[PDB]
file model-v9.pdb (PDB, C-alpha atoms)
ATOM      1  CA  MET A   1     -13.648   2.493  27.879
ATOM      2  CA  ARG A   2      -9.853   2.441  28.051
ATOM      3  CA  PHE A   3      -8.109   2.757  24.688
ATOM      4  CA  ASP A   4      -5.809  -0.196  25.386
ATOM      5  CA  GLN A   5      -8.692  -2.334  26.652
ATOM      6  CA  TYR A   6     -10.757  -1.315  23.624
ATOM      7  CA  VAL A   7      -8.244  -3.069  21.364
ATOM      8  CA  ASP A   8      -8.660  -6.409  23.132
ATOM      9  CA  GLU A   9     -12.404  -5.745  23.324
ATOM     10  CA  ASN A  10     -13.094  -5.371  19.595
ATOM     11  CA  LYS A  11     -10.377  -7.892  18.687
ATOM     12  CA  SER A  12     -11.757  -9.981  15.832
ATOM     13  CA  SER A  13      -9.148 -12.701  16.333
ATOM     14  CA  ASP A  14      -7.365 -13.806  19.504
ATOM     15  CA  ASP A  15      -4.411 -14.930  17.370
ATOM     16  CA  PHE A  16      -3.195 -11.314  17.582
ATOM     17  CA  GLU A  17      -1.725 -11.990  21.041
ATOM     18  CA  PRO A  18       1.767 -10.861  19.888
ATOM     19  CA  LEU A  19       0.260  -7.768  18.267
ATOM     20  CA  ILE A  20      -1.703  -6.901  21.406
ATOM     21  CA  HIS A  21       1.302  -7.521  23.653
ATOM     22  CA  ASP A  22       3.470  -5.126  21.639
ATOM     23  CA  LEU A  23       0.639  -2.732  20.819
ATOM     24  CA  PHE A  24      -0.288  -2.486  24.502
ATOM     25  CA  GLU A  25       3.303  -1.492  25.321
ATOM     26  CA  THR A  26       2.285   1.987  24.174
ATOM     27  CA  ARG A  27       0.247   2.190  27.392
ATOM     28  CA  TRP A  28       3.394   3.184  29.282
ATOM     29  CA  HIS A  29       4.713   5.641  26.702
ATOM     30  CA  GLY A  30       2.380   6.763  23.931
ATOM     31  CA  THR A  31      -0.941   7.837  25.472
ATOM     32  CA  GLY A  32      -2.121   4.226  25.475
ATOM     33  CA  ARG A  33      -4.289   4.237  28.602
ATOM     34  CA  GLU A  34      -4.625   8.030  28.466
ATOM     35  CA  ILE A  35      -7.132   7.697  25.622
ATOM     36  CA  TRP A  36     -10.827   7.048  26.258
ATOM     37  CA  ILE A  37     -13.072   5.660  23.514
ATOM     38  CA  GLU A  38     -16.871   5.836  23.513
ATOM     39  CA  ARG A  39     -19.845   5.661  21.142
ATOM     40  CA  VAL A  40     -20.854   9.210  20.213
ATOM     41  CA  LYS A  41     -23.340   8.211  17.505
ATOM     42  CA  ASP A  42     -25.448   5.139  16.739
ATOM     43  CA  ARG A  43     -24.924   4.261  13.075
ATOM     44  CA  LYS A  44     -24.133   1.251  10.888
ATOM     45  CA  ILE A  45     -20.975   0.285   9.002
ATOM     46  CA  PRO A  46     -21.251   1.152   5.267
ATOM     47  CA  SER A  47     -20.487  -1.507   2.661
ATOM     48  CA  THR A  48     -18.503   1.039   0.631
ATOM     49  CA  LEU A  49     -15.790   1.398   3.285
ATOM     50  CA  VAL A  50     -15.207  -2.352   3.597
ATOM     51  CA  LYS A  51     -15.683  -3.808   0.108
ATOM     52  CA  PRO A  52     -12.979  -1.690  -1.623
ATOM     53  CA  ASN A  53      -9.338  -2.411  -0.811
ATOM     54  CA  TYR A  54      -7.825   0.796   0.556
ATOM     55  CA  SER A  55      -4.320   1.401   1.878
ATOM     56  CA  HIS A  56      -3.389   2.400   5.421
ATOM     57  CA  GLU A  57      -2.771   6.100   4.775
ATOM     58  CA  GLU A  58      -5.303   6.072   1.933
ATOM     59  CA  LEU A  59      -8.072   4.644   4.119
ATOM     60  CA  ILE A  60      -7.286   7.173   6.852
ATOM     61  CA  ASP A  61      -7.501  10.173   4.517
ATOM     62  CA  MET A  62     -10.335   8.659   2.483
ATOM     63  CA  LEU A  63     -12.371   7.821   5.587
ATOM     64  CA  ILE A  64     -12.154  11.399   6.864
ATOM     65  CA  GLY A  65     -13.657  12.657   3.619
ATOM     66  CA  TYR A  66     -16.512  10.179   3.984
ATOM     67  CA  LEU A  67     -17.871  12.000   7.039
ATOM     68  CA  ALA A  68     -16.750  15.423   5.802
ATOM     69  CA  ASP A  69     -19.731  16.254   3.590
ATOM     70  CA  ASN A  70     -19.948  19.745   5.091
ATOM     71  CA  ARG A  71     -17.113  22.021   6.209
ATOM     72  CA  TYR A  72     -18.452  25.082   8.038
ATOM     73  CA  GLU A  73     -21.897  26.652   8.401
ATOM     74  CA  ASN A  74     -20.519  30.153   7.851
ATOM     75  CA  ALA A  75     -18.636  31.368   4.773
ATOM     76  CA  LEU A  76     -15.287  29.595   4.435
ATOM     77  CA  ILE A  77     -12.141  30.400   2.441
ATOM     78  CA  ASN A  78     -13.901  33.516   1.141
ATOM     79  CA  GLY A  79     -10.642  35.430   0.850
ATOM     80  CA  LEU A  80      -6.912  35.292   1.540
ATOM     81  CA  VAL A  81      -5.146  37.158   4.342
ATOM     82  CA  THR A  82      -1.719  38.619   3.592
ATOM     83  CA  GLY A  83       0.818  39.051   6.375
ATOM     84  CA  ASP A  84       3.455  37.409   8.556
ATOM     85  CA  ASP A  85       0.879  34.769   9.522
ATOM     86  CA  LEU A  86       1.602  32.848   6.315
ATOM     87  CA  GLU A  87       5.294  32.868   7.198
ATOM     88  CA  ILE A  88       4.380  31.244  10.504
ATOM     89  CA  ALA A  89       2.513  28.423   8.772
ATOM     90  CA  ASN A  90       5.317  27.996   6.242
ATOM     91  CA  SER A  91       7.969  27.875   8.968
ATOM     92  CA  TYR A  92       6.084  26.141  11.784
ATOM     93  CA  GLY A  93       4.228  24.048   9.217
ATOM     94  CA  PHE A  94       0.566  24.459  10.139
ATOM     95  CA  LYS A  95      -1.596  21.355   9.718
ATOM     96  CA  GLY A  96      -5.077  21.282   8.212
ATOM     97  CA  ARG A  97      -8.174  19.198   8.915
ATOM     98  CA  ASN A  98      -6.113  16.099   8.081
ATOM     99  CA  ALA A  99      -4.260  16.352  11.402
ATOM    100  CA  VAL A 100      -5.927  13.173  12.663
ATOM    101  CA  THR A 101      -4.373  11.391   9.688
ATOM    102  CA  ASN A 102      -0.905  11.814  11.194
ATOM    103  CA  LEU A 103      -1.910  10.063  14.421
ATOM    104  CA  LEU A 104      -3.973   7.442  12.607
ATOM    105  CA  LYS A 105      -1.159   6.876  10.119
ATOM    106  CA  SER A 106       1.079   6.003  13.081
ATOM    107  CA  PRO A 107       2.233   2.337  13.292
ATOM    108  CA  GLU A 108       0.338   1.969  16.575
ATOM    109  CA  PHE A 109      -2.991   2.428  14.795
ATOM    110  CA  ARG A 110      -1.993  -0.165  12.186
ATOM    111  CA  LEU A 111      -2.357  -2.931  14.774
ATOM    112  CA  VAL A 112      -5.751  -1.656  15.924
ATOM    113  CA  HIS A 113      -7.332  -1.886  12.466
ATOM    114  CA  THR A 114      -5.751  -5.318  12.057
ATOM    115  CA  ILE A 115      -7.130  -6.544  15.384
ATOM    116  CA  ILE A 116     -10.545  -4.860  15.289
ATOM    117  CA  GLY A 117     -10.791  -5.227  11.527
ATOM    118  CA  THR A 118     -12.060  -2.759   8.943
ATOM    119  CA  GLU A 119     -15.754  -2.900   9.865
ATOM    120  CA  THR A 120     -14.811  -2.085  13.467
ATOM    121  CA  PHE A 121     -12.123   0.389  12.423
ATOM    122  CA  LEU A 122     -14.592   2.416  10.360
ATOM    123  CA  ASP A 123     -17.278   2.101  13.032
ATOM    124  CA  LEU A 124     -14.814   3.165  15.719
ATOM    125  CA  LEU A 125     -13.900   6.316  13.794
ATOM    126  CA  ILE A 126     -17.446   7.070  12.601
ATOM    127  CA  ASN A 127     -19.820   5.656  15.230
ATOM    128  CA  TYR A 128     -17.438   6.071  18.165
ATOM    129  CA  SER A 129     -15.103   8.833  19.332
ATOM    130  CA  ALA A 130     -11.662   8.906  20.946
ATOM    131  CA  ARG A 131     -10.620  11.155  23.828
ATOM    132  CA  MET A 132      -6.954  12.016  24.381
ATOM    133  CA  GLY A 133      -6.428  13.938  27.604
ATOM    134  CA  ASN A 134      -8.028  17.316  26.935
ATOM    135  CA  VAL A 135      -8.408  16.805  23.179
ATOM    136  CA  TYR A 136     -10.610  14.713  20.888
ATOM    137  CA  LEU A 137      -8.735  12.395  18.524
ATOM    138  CA  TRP A 138     -11.593  11.303  16.265
ATOM    139  CA  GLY A 139     -13.085  14.783  16.441
ATOM    140  CA  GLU A 140     -16.713  15.516  17.277
ATOM    141  CA  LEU A 141     -18.956  16.250  14.295
ATOM    142  CA  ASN A 142     -21.729  17.895  16.315
ATOM    143  CA  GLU A 143     -22.448  21.156  14.503
ATOM    144  CA  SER A 144     -26.257  21.115  14.460
ATOM    145  CA  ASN A 145     -26.168  21.856  18.195
ATOM    146  CA  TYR A 146     -27.664  25.338  18.528
ATOM    147  CA  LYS A 147     -27.620  26.004  22.273
ATOM    148  CA  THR A 148     -28.294  22.666  23.968
ATOM    149  CA  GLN A 149     -25.556  20.050  24.324
ATOM    150  CA  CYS A 150     -27.314  16.723  23.773
ATOM    151  CA  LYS A 151     -30.909  15.590  23.259
ATOM    152  CA  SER A 152     -32.764  13.235  25.602
ATOM    153  CA  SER A 153     -34.024  10.175  23.727
ATOM    154  CA  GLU A 154     -37.353   8.519  24.524
ATOM    155  CA  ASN A 155     -37.230   6.179  27.521
ATOM    156  CA  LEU A 156     -37.676   2.441  26.973
ATOM    157  CA  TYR A 157     -39.433   0.525  29.746
ATOM    158  CA  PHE A 158     -39.197  -3.238  30.254
ATOM    159  CA  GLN A 159     -41.158  -5.751  28.179
TER     160      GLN A 159
END

call {"tool": "encode", "arguments": {"input": "model-v9.pdb", "output": "structure tokens"}}
result
Amino acid sequence: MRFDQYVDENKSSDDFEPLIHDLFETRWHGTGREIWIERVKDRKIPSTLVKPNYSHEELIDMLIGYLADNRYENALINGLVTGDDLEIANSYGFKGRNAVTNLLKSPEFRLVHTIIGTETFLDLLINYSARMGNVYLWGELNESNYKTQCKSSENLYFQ
């Protein structure tokens, strides 16, 4: 569904009218309606990501680590490469796997979590996925995929 609409959809409280009105303003400028959110996986909200009191930036970075049990299937950070490439990263300032944190840390996302709540916020990032134009915001975690894209689940007739 639409990113903007998603906010009003998972809104825990309607009292956030002012927050939604201002938050929705991003639709014009700020990839508000340009983002599509959908459920990529069917899971449940953990009690360890809601009980503890985390901070905005802290929760964002901490949450990423929650679903980051494995990095890469092949050897990673085996060795260091010397060259001008490092200069590029130092000058241009290359970002790591915590790139999503920058977008999530944005004030716009602060309202979302507030409106949808933590349980929905975590679920949205873990259970669901966000699509921004030609790039994935949440970031797909499908690595087990060998050759096939998705698997067809068993059909469920009517009772």

call {"tool": "closest_atom_pairs", "arguments": {"input": "model-v9.pdb", "of": "range 45-70 of chain A", "to": "range 137-150 of chain A", "cutoff": "10 Å", "atoms": "only C-alpha atoms", "output": "CSV"}}
result
residue,atom,partner,partner_atom,distance
A:64,CA,A:138,CA,9.4
A:67,CA,A:141,CA,8.5
A:68,CA,A:141,CA,8.8
A:70,CA,A:143,CA,9.8

call {"tool": "resolve_selection", "arguments": {"input": "model-v9.pdb", "expression": "the PyMOL selection byres ((chain A and resi 63) around 10)", "output": "number ranges by chain"}}
result
A: 49, 54, 57-62, 64-68, 101, 122, 125-126

call {"tool": "residues_near_point", "arguments": {"input": "model-v9.pdb", "point": "(-0.6, 3.7, 14.4)", "cutoff": "12 Å", "atoms": "only C-alpha atoms", "output": "MDAnalysis selection string"}}
result
chainID A and resid 23:24 26 30:32 56:57 60 100:114

call {"tool": "axis_aligned_box", "arguments": {"input": "model-v9.pdb", "around": "range 139-144 of chain A", "padding_each_side": "3 Å", "output": "AutoDock Vina command-line options"}}
result
--center_x -19.7 --center_y 18.0 --center_z 15.8 --size_x 19.2 --size_y 12.4 --size_z 9.0

call {"tool": "atom_distance", "arguments": {"input": "model-v9.pdb", "atom1": "CA of residue 25 in chain A", "atom2": "CA of residue 2 in chain A"}}
result
14.0 Å

call {"tool": "resolve_selection", "arguments": {"input": "model-v9.pdb", "expression": "the PyMOL selection byres ((chain A and resi 129-131) around 10)", "output": "compact mmCIF listing (two decimals) with C-alpha atoms, in the frame of the given file"}}
result
# COMPACT_ATOMS: atom_id res chain seq x y z
CA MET A 1 -13.65 2.49 27.88
CA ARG A 2 -9.85 2.44 28.05
CA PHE A 3 -8.11 2.76 24.69
CA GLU A 34 -4.62 8.03 28.47
CA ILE A 35 -7.13 7.70 25.62
CA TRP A 36 -10.83 7.05 26.26
CA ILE A 37 -13.07 5.66 23.51
CA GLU A 38 -16.87 5.84 23.51
CA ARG A 39 -19.84 5.66 21.14
CA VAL A 40 -20.85 9.21 20.21
CA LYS A 41 -23.34 8.21 17.50
CA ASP A 123 -17.28 2.10 13.03
CA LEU A 124 -14.81 3.16 15.72
CA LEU A 125 -13.90 6.32 13.79
CA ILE A 126 -17.45 7.07 12.60
CA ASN A 127 -19.82 5.66 15.23
CA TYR A 128 -17.44 6.07 18.16
CA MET A 132 -6.95 12.02 24.38
CA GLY A 133 -6.43 13.94 27.60
CA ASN A 134 -8.03 17.32 26.94
CA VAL A 135 -8.41 16.80 23.18
CA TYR A 136 -10.61 14.71 20.89
CA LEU A 137 -8.74 12.40 18.52
CA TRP A 138 -11.59 11.30 16.26
CA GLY A 139 -13.08 14.78 16.44
CA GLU A 140 -16.71 15.52 17.28
CA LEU A 141 -18.96 16.25 14.30

call {"tool": "closest_residue", "arguments": {"input": "model-v9.pdb", "among": "A:81, A:99, A:76, A:115", "to": "residue 13 in chain A", "atoms": "only C-alpha atoms"}}
result
A:115

call {"tool": "residues_around", "arguments": {"input": "model-v9.pdb", "residues": "residue 12 in chain A", "least_positions_apart": "4", "cutoff": "9 Å", "atoms": "all atoms listed in the file", "output": "list in words"}}
result
residues 8, 16, 114, 115, 116, 117 and 120 of chain A

call {"tool": "atom_distance", "arguments": {"input": "model-v9.pdb", "atom1": "CA of residue 7 in chain A", "atom2": "CA of residue 22 in chain A"}}
result
11.9 Å

call {"tool": "atom_distance", "arguments": {"input": "model-v9.pdb", "atom1": "CA of residue 158 in chain A", "atom2": "CA of residue 6 in chain A"}}
result
29.3 Å

call {"tool": "closest_residue", "arguments": {"input": "model-v9.pdb", "among": "A:91, A:77, A:11, A:119", "to": "residue 44 in chain A", "atoms": "only C-alpha atoms"}}
result
A:119

call {"tool": "decode", "arguments": {"input": "model-v9.pdb", "residues": "range 2-28 of chain A", "atoms": "N, CA, C and O atoms", "output": "short mmCIF file (atom, residue, chain, number, x, y, z; two decimals), in the first residue's frame"}}
result
data_model
loop_
_atom_site.label_atom_id
_atom_site.label_comp_id
_atom_site.auth_asym_id
_atom_site.auth_seq_id
_atom_site.Cartn_x
_atom_site.Cartn_y
_atom_site.Cartn_z
N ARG A 2 0.23 2.41 -0.20
CA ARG A 2 0.94 3.68 -0.21
C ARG A 2 1.58 3.94 1.15
O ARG A 2 1.00 3.64 2.19
N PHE A 3 2.78 4.50 1.13
CA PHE A 3 3.50 4.81 2.36
C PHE A 3 2.71 5.77 3.23
O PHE A 3 2.53 5.53 4.43
N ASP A 4 2.22 6.85 2.63
CA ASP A 4 1.44 7.84 3.37
C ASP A 4 0.19 7.21 3.97
O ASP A 4 -0.12 7.39 5.14
N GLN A 5 -0.54 6.45 3.14
CA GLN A 5 -1.75 5.78 3.59
C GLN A 5 -1.45 4.78 4.69
O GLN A 5 -2.25 4.59 5.61
N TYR A 6 -0.30 4.13 4.59
CA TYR A 6 0.11 3.13 5.58
C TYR A 6 0.14 3.73 6.98
O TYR A 6 -0.22 3.07 7.96
N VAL A 7 0.57 4.98 7.08
CA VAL A 7 0.65 5.66 8.37
C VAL A 7 -0.72 5.75 9.03
O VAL A 7 -0.88 5.39 10.20
N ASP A 8 -1.70 6.22 8.27
CA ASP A 8 -3.06 6.34 8.78
C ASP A 8 -3.70 4.96 8.97
O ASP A 8 -4.65 4.81 9.75
N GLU A 9 -3.18 3.97 8.26
CA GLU A 9 -3.70 2.61 8.34
C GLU A 9 -3.34 1.94 9.67
O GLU A 9 -4.21 1.40 10.36
N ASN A 10 -2.06 1.97 10.01
CA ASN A 10 -1.58 1.34 11.25
C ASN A 10 -1.60 2.31 12.43
O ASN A 10 -1.03 2.02 13.48
N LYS A 11 -2.25 3.46 12.26
CA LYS A 11 -2.32 4.45 13.34
C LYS A 11 -3.01 3.86 14.56
O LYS A 11 -4.19 3.49 14.51
N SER A 12 -2.28 3.79 15.66
CA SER A 12 -2.82 3.25 16.91
C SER A 12 -3.85 4.19 17.51
O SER A 12 -4.85 3.75 18.07
N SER A 13 -3.59 5.49 17.40
CA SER A 13 -4.50 6.50 17.94
C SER A 13 -4.85 7.55 16.90
O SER A 13 -3.97 8.04 16.18
N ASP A 14 -6.12 7.91 16.83
CA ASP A 14 -6.59 8.92 15.88
C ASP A 14 -6.24 10.32 16.36
O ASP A 14 -6.32 11.28 15.59
N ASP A 15 -5.85 10.44 17.63
CA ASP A 15 -5.49 11.73 18.21
C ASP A 15 -4.25 12.34 17.53
O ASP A 15 -3.90 13.49 17.80
N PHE A 16 -3.59 11.56 16.67
CA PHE A 16 -2.40 12.03 15.98
C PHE A 16 -2.74 12.80 14.70
O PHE A 16 -1.92 12.90 13.80
N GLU A 17 -3.96 13.33 14.63
CA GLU A 17 -4.39 14.09 13.45
C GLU A 17 -3.34 15.12 13.04
O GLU A 17 -2.93 15.16 11.88
N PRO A 18 -2.89 15.97 13.98
CA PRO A 18 -1.88 16.99 13.69
C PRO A 18 -0.57 16.39 13.19
O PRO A 18 0.09 16.96 12.33
N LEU A 19 -0.21 15.24 13.74
CA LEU A 19 1.02 14.56 13.35
C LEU A 19 0.89 14.00 11.93
O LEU A 19 1.83 14.06 11.14
N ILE A 20 -0.29 13.46 11.63
CA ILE A 20 -0.55 12.89 10.31
C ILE A 20 -0.63 14.00 9.26
O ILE A 20 -0.14 13.84 8.14
N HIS A 21 -1.26 15.11 9.63
CA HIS A 21 -1.41 16.24 8.72
C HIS A 21 -0.05 16.79 8.30
O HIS A 21 0.18 17.06 7.12
N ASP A 22 0.85 16.93 9.27
CA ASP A 22 2.19 17.44 8.99
C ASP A 22 3.06 16.36 8.37
O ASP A 22 3.81 16.62 7.42
N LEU A 23 2.96 15.16 8.91
CA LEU A 23 3.73 14.02 8.41
C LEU A 23 3.40 13.73 6.95
O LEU A 23 4.28 13.41 6.15
N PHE A 24 2.12 13.84 6.60
CA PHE A 24 1.67 13.58 5.24
C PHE A 24 2.19 14.63 4.26
O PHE A 24 2.28 14.37 3.06
N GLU A 25 2.52 15.82 4.77
CA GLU A 25 3.03 16.89 3.92
C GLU A 25 4.22 16.42 3.10
O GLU A 25 4.48 16.92 2.00
N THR A 26 4.95 15.44 3.63
CA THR A 26 6.11 14.89 2.95
C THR A 26 5.73 14.26 1.62
O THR A 26 6.58 14.05 0.75
N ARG A 27 4.44 13.95 1.45
CA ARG A 27 3.95 13.33 0.22
C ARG A 27 4.34 14.16 -1.00
O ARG A 27 4.72 13.61 -2.04
N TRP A 28 4.25 15.48 -0.88
CA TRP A 28 4.61 16.36 -1.98
C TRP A 28 6.11 16.34 -2.21
O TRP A 28 6.58 16.03 -3.31
#
